[PDB]
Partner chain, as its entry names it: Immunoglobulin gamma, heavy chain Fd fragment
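In the form solved without the partner chain, a lone chain appears below as structure tokens.
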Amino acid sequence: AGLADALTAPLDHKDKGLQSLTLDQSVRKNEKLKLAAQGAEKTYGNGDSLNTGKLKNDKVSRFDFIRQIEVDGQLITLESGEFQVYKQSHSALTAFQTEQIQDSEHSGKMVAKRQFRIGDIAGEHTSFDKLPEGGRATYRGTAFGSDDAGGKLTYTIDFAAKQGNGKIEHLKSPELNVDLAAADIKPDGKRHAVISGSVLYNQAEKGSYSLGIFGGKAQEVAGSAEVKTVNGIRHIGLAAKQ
């Protein structure tokens, strides 16, 4: 696995769009980060990166990590989990999966939560008035979230009518396949466009999603959803290509 390559050496170092991902919110400005997999280990802090140049497209990479600090020269393993790293065409994103973590009173206890969060959505886009207003664009993607990380969605956008739509499918049970609330183009992007709509949960509840278009000609789509429930909020990541 190229996991070991990307911890021991850099990848394509030219970077003029995306050949890497930024970690300046993945770690605190004071704290220590250790990552490891498949015979290698990355040791950093404050605000670094992870390199993705000469890896495959349209796939997920798997990693072990911990976020920690040194106290009076002593090392405590504060929170540990899964570093879930998506590589696509023109775009890439991270997600967090914190589970096994220390209690900050006894310096040697453990606690087991199951806390997922979305990460940074990499790939600059600056050009919707550069696309045609014609056709229908088919899309299909992975859904990855705090209860959702076994299913996958179907997505579309009528370029001729400027309206997005979708559906969530491939679930453990059939009532869990939900309709997606059809949504038009709305203002948010600093020099680009967005589709932002609503998300129906187990035929109940009230979630929310936002995503954008990527590449030089609508090659893929990426962004985020948050479904809020009586169980609290599930963040779901988007990964879908033409």
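Positions refer to the first chain, counted from 1.
The form solved in complex with the partner chain exists for this protein as well; it is not shown, and the discussion that follows is about that form.
Trainee: Just one of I66, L55, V194, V178 has a heavy atom within 4.5 angstroms of the partner chain in the entry with it bound, so which one?
Mentor: The residue in contact is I66.
Trainee: Quick one: from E99, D158, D120, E169, grab the residue that has a heavy atom within 4.5 Å of the partner chain in the entry with it bound.
Mentor: Only one option qualifies, and that one is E99.
Trainee: Using heavy atoms and a 4.5 Å limit, would one call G81 a contact residue for the partner chain in the entry with it bound?
Mentor: Close contact exists here: in the entry with it bound, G81 approaches the partner chain to within 4.5 Å, heavy atoms only.
Trainee: Taking heavy atoms and a 4.5 Å cut-off, does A37 contact the partner chain in the entry with it bound?
Mentor: Contact check for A37: yes, within 4.5 Å of the partner chain in the entry with it bound.
Trainee: Please run the contact check for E41 against the partner chain in the entry with it bound: heavy atoms, 4.5 angstroms, yes or no?
Mentor: The answer is yes: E41 has a heavy atom within 4.5 Å of the partner chain.
Trainee: With the partner removed from view, which of 206-214, 169-177, 29-37, 185-193 is the stretch that lies within 4.5 Å of the partner chain in the entry with it bound, judged by heavy atom distances?
Mentor: The contacting stretch here is 29-37.
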